[PDB]
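Heads up, the chain shows up twice below as structure tokens, two forms, tagged structure 1 and structure 2.
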Structure 1
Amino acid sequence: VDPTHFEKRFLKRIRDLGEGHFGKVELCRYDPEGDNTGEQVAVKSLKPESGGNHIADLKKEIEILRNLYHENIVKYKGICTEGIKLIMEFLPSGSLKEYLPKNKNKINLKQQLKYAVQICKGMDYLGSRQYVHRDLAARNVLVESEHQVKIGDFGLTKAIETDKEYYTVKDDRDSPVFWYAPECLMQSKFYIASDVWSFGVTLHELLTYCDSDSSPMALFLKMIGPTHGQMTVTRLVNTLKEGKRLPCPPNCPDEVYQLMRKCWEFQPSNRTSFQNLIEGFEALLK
């Protein structure tokens, strides 16, 4: 038997974990013994809908996650074929967005800096394999335990071609624009330095314990004036050009805010790296 092969007849759906880009992540139990004793797994699959090659993109995402092995990347477990499904480990603590509001008392600055280092190690591993992530946000950072996080979704991940610095996207609809670097918004070009910008925003979230009233979206929309959505993105672009950035989170020491600010240099070439952030956080943790 192939232990990465999950038979559909044994994969009993429990409930939805997430919805997004014409598909869903569901909690299922794999129960070949039929007694509710099998392992819980997270299952990604497309709605019957599909089209503008949603299938070829999921199949690419499967092949991406299958060959990633890092302690800060969610584990591939296998596939279910029929409309293919990606099977992953289930992390019952969910994302930082679920976990941090409930665990403020147990998660102090030292733990938040450790989680920051673990996200950066994950992201630097993905960069080392020539991938741009394009969706780095607290909602995609999963909690393994109070001491460990893992990057938990790869649905926008693209390979940068060898001898090229960026990937140009066509398919655009559902962009998380409040996490996107200016080159992504203005020119739909994604560099590794674009993942750093997003990392800066995800650190802001981590340091505000993912409070909905302090989310990047809620703070950017307070900043930017009367506007349509059609006009939202262009007003956001104009604010970033003038040099406005998310404010320092409450209780956030200025030395951590300075690391975050280096993520948000307007020009990709001027931004800090992931290895540089890891160094700066470890220095704070000594």
Structure 2
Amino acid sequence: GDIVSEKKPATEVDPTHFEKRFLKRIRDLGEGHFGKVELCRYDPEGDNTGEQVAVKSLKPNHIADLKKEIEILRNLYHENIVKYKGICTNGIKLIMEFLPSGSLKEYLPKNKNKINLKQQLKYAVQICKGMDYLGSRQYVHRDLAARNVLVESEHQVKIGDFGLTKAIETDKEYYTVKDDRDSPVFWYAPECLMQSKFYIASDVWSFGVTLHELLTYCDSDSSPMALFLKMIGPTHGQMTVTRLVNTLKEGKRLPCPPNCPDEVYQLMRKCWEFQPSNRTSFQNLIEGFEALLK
């Protein structure tokens, strides 16, 4: 008889599935390690009215890591963590909310006049609360820097990238890394530099360095890399990291930012105890900053 064919059921649309043909590139927002992020407009109606979204994808093996990153972000829900919106699919792109004020790296140099100490301390608390949540879900970020912190508004920041984020297995304190060549060594605790081990207290250390960036308004001439390279020497090459370890073993640390009150600076230094067990916790930090804000 007639041609037999499949009568397929009603196809309930998934709002987290973004079709490639409607995801339209506007510009580059930046890149880190093996990923890049782009401003796109998802524009199904084709009239430039679609929602603007941030799209993460691989630069031209690392597919597996992006997929793991997507699964991490999908299940994080917090006001100081950037929102997952969906995927565009072997290959895959991560679709997130777009924050037009950019990272702290761009925002802070341009907004010194409107962002006073009080607002910096509120940003710091918010960063701590997002990181404390990440810790409560048993992850270590391994890349906490001002460049990875996005500005929602004058009053709100969010941790906006999770590309090195790893799970600490239950009943263990740390994760051991193997791939370490693109490491942000100037944001890294001694146990990360020496033994390649990552604890929650190692994110506290990196937070300390992120707080320092915040307090200098991400001035490049005052960056943790620039400051450490002045301390230890700028032309050591492959010996750079060993001299960094030796400097930190000696008790030397990044100096107090200009106009940063000592009381804020002591909270920063408690992030930089050499032994992880002696470092402050994210909740202790929050209490600390809240006291200074009262």
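Sequence positions of structure 1, starting at 1, serve as the residue numbers. In this text, the rigid core denotes the largest set of C-alpha atoms whose superposition between the two forms falls within 1.5 Å.
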Exercise. Pick from 229, 34, 243, 250: whose Cα moves by 2 Å or more between structures 1 and 2, rigid core superposed?
Worked result: 229
Exercise. Core-aligned, what's the Cα displacement of residue 173 between structures 1 and 2 in Å?
Worked result: 1.3
Problem set entry | Cα shift between structures 1 and 2 at residue 143, which is computed once both forms share a superposed rigid core (Å) | 0.2
Exercise. How many Å does the Cα of residue 23 travel between structures 1 and 2 when the structures are matched on their rigid core?
Worked result: 2.4
